[PDB]
Amino acid sequence: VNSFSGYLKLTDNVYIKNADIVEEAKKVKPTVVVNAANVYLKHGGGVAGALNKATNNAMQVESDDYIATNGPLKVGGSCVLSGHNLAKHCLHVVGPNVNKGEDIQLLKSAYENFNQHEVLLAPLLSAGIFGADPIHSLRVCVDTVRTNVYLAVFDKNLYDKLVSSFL
Ligand SMILES: O=C(O)C[C@H](NC(=O)c1ncnc2[nH]ccc12)c1cccnc1
C-alpha cells in the first residue's frame, strides 16, 4: 500500500490521473518523481521548468553541476538526482523531442529507465510540448514499464482522450 490515491487503474502496474505532476509531488512526496528532461538538463519550460520552479531553481543549480562534471545525457537515457522539496529522488529521463528531430524509436529506451525503480510518479514521456503522439507514448509505457508507475496527465482534454482510447 502506497500514498497514491484517486488514480485510474489502467493495467497491472500503471495508474493514471488528470493532475499536475508538480502538485502531486508536493502532496505525496514520492520516492521518485520523473522529470521529462533534455540532455543538457536545462529546465526552462514544460514539466522540467515547472518542477524546477517548485524547487526555487535548486534543481537547475544541481543539474548544472551534474552537466559540468559528466556532460550531457543521451536521448533515451537518465540520471538520478535529488528530488529537493518534491520527492526523495528525481529521475531525469530524456524522451525523444519530436519537435527537435529526435528519433521516436528511443521512447521505449527512455521508459526502460523506469524499471530501475520500484515505484515512480511520472509524466507521459515525449507528450505535450515534446511533440510525440500521446496515445503511442502510453502504449509504450504500458508495454515497457514493469514497475509501479503513477502517471500524472496535466491537460484535462488529453487525459480524457487517453482513458477513453486505452486498449
Ligand atoms: O500531461 C500533459 O499534459 C503533458 C506533459 N506536460 C506537463 O506535465 C506540463 N507541461 C507544462 N507545464 C506544466 N506544469 C506542470 C506540469 C506541466 C508533458 C509530458 C512530457 C513532456 N512534456 C510535457
Side-chain angles (χ1 to χ4, degrees), residues 4 6-11 14-30 32-60 63 72-79 81 83-87 89-115 117 120-145 149-166:
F4 295 98
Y7 283 69
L8 276 194
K9 188 172 183 65
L10 293 183
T11 66
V14 180
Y15 280 77
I16 199 165
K17 188 177 175 182
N18 178 204
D20 185 333
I21 193 176
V22 182
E23 298 307 323
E24 289 290 308
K26 290 195 279 194
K27 186 176 74 72
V28 177
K29 296 292 249 63
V32 179
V33 66
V34 173
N35 182 31
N38 57 61
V39 299
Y40 309 108
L41 303 180
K42 287 177 60 64
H43 311 303
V47 171
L51 288 169
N52 179 51
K53 180 181 173 198
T55 75
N56 182 40
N57 210 51
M59 177 180 285
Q60 190 64 67
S63 293
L73 296 181
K74 299 171 181 177
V75 180
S78 70
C79 66
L81 291 174
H84 300 276
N85 53 315
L86 302 175
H89 303 109
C90 179
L91 180 69
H92 295 271
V93 178
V94 184
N97 187 319
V98 177
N99 296 319
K100 293 181 181 180
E102 292 163 0
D103 161 43
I104 193 62
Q105 294 289 137
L106 288 170
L107 187 55
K108 189 175 182 75
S109 300
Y111 275 116
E112 286 171 343
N113 295 284
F114 289 24
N115 289 323
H117 303 276
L120 316 86
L121 171 61
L124 192 63
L125 296 183
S126 289
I129 98 117
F130 270 64
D133 181 343
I135 293 177
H136 172 68
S137 181
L138 180 61
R139 190 73 258 164
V140 181
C141 180
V142 161
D143 293 341
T144 305
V145 182
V149 56
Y150 290 84
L151 294 168
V153 178
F154 182 100
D155 186 283
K156 141 102 152 110
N157 287 328
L158 170 54
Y159 172 82
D160 290 348
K161 182 197 223 310
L162 285 172
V163 169
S164 305
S165 65
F166 184 75

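Quick note: residue numbers are just sequence positions, from 1. Just the heavy atoms: all of them, side chains too, but no hydrogens, waters or symmetry mates, feed the values below. First listed ligand is number 1; within each ligand, the first listed atom is number 1.
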Closer than 3.5 angstrom, by distance alone: can the side chain of [X] be matched with the main-chain N or O of [Y] as a donor-acceptor pair?
| X | Y | value |
| --- | --- | --- |
| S137 | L125 | yes |
| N113 | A110 | yes |
| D103 | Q105 | yes |

(message) For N35, run the side chain to side chain contact (heavy atoms under 4.5 Å, CB included) check against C90, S63, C79 and tell me which one passes.
(response)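 Result for side chain to side chain contact (heavy atoms under 4.5 Å, CB included) with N35: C90.
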(request) Sort out for me which residue in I21, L121, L51, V28 forms a side chain to side chain contact (heavy atoms under 4.5 Å, CB included) with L86. (result)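 Looking at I21, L121, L51, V28, the match for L86 under the side chain to side chain contact (heavy atoms under 4.5 Å, CB included) is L51.
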(message) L125 versus ligand 1: do any nitrogen or oxygen atoms come within less than 3.5 Å of each other?
(response) no
(request) Flag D155 as yes when one of its N or O atoms lies below 3.5 Å from any N or O atom of ligand 1, and as no otherwise. (result)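 N/O-N/O distance below 3.5 Å exists for this pair.
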(message) Classify the ring geometry of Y7 against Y150: parallel below 30°, tilted from 30° to 60°, perpendicular beyond 60°.
(response) perpendicular
State the atoms of ligand 1, each with its element, that fall below the 4.0 Å cut-off from a heavy-atom position in [X].
| X | value |
| --- | --- |
| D20 | 14 (N), 15 (C), 16 (C) |
| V153 | 1 (O) |
| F130 | 21 (C), 22 (N) |

(message) Working to the nearest 0.5 angstrom, can you tell me the gap between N57 CG and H84 NE2?
(response)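 Atom-to-atom, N57:CG and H84:NE2 are 10.0 Å apart.
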Protein residue, atom and distance nearest to [atom], heavy-atom basis:
| atom | value |
| --- | --- |
| atom 20 (C) of ligand 1 | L124 O, 3.0 Å |
| atom 17 (C) of ligand 1 | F154 CD1, 3.6 Å |
| atom 14 (N) of ligand 1 | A50 CB, 3.3 Å |
| atom 23 (C) of ligand 1 | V47 CG2, 3.5 Å |

(request) Run down the list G128, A54, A127 and name the one with the heavy atom closest to atom 21 (C) of ligand 1. (result)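 Shortest heavy-atom distance from atom 21 (C) of ligand 1: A127.
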